[PDB]
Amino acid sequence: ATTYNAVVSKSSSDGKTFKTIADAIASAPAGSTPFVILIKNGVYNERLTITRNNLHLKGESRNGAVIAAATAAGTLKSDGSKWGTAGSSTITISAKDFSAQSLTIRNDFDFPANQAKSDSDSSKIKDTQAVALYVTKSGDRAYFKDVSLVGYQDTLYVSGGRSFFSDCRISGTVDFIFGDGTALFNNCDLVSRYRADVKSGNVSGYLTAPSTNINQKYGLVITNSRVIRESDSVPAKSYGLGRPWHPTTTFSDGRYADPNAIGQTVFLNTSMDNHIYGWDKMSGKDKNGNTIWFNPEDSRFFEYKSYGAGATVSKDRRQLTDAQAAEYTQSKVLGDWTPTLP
């Protein structure tokens, strides 16, 4: 038995339906009883912030039910200030027990068109991060099943608590899954995108940029998935599995790269095409304002039984033992939370 509290559709011929997703979400009574919204096929040009607990979105189809907006970090607001990376997100989850099923979420910022602009073009944006989905510190127990996330730089921003992505597609270029959250991915296609603006022999991107606090047990955990290239034009050895993001953070002694954000990315039983070269380093600014490099060997970067042409085993690519791999089951990673749909 499954029923819908609200329905969103493009057609007025449907009857008693909402025109926008934002309106349907707003219609929900205040509180924490489950609220389930069906979204019929269509492209909904909307930006959403979810603050109600126990809210659930179900699209008619992943292929056809799309929530999309174009916003880069460097896009300017009315007051002339930048949106910033967090602010660029098409969908922001700032509530508990959210789920989305069978829908696509896009940031439509045209990264390649931006990069193709002449350097003197005042409309050419430097802050090119453009988040599709952001799970915030106030997000915990967020479940995404049969969902497609589309972007280039910084597609998926996972912060705070636990999120679970299942039967999913996620595309991007630089740091397209990033943040300090506990985020588990199962049976997902992670799609590395072509970079027209990157010279032959240089790096096109990085799948992950975890900022997991050293005291947090689990960061980004990718299981039973497929690490694939968008096209044959994506060069061999052009993509890193991860680099360590140490976010600029305000401390008592100033604002600089967080020393204790020693990120975790673990791949288990995941296929990898030959666009993958391994792990990489990442730079930030230290407490003195100097460049500081954070190295993959000092970070929590591991694989277990990778396969496909990108799955090389070497001293630069640490491997889990069977015993260690058993620590990365859904039960262990998500703890007392069992992701369920309404």
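One rule holds for the numbers: they count along the sequence shown, beginning at 1.
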| item | value |
| --- | --- |
| Per the entry, higher mean C-alpha B factor between 25-33 and 288-296 | 25-33 |
| Mean C-alpha B-factor comparison - 211-219 and 149-157, higher one | 211-219 |
| Residue with maximal Cα B-factor (values as given in the PDB entry) among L76, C188, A261, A116 | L76 |
| Highest-ranked of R317, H275, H56, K305 once sorted by CA temperature factor in the record | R317 |
| Where the record places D108 (Cα B-factor, split into thirds across the chain) | lowest |
| Chain thirds of CA B-factor: placement of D175 | lowest |
| Third of chain Cα B-factors occupied by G201 | highest |
| Entry-reported Cα temperature factor of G242, expressed as the chain third it lands in | lowest |
| Ranked against its chain, the third holding the CA B-factor of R169 | lowest |
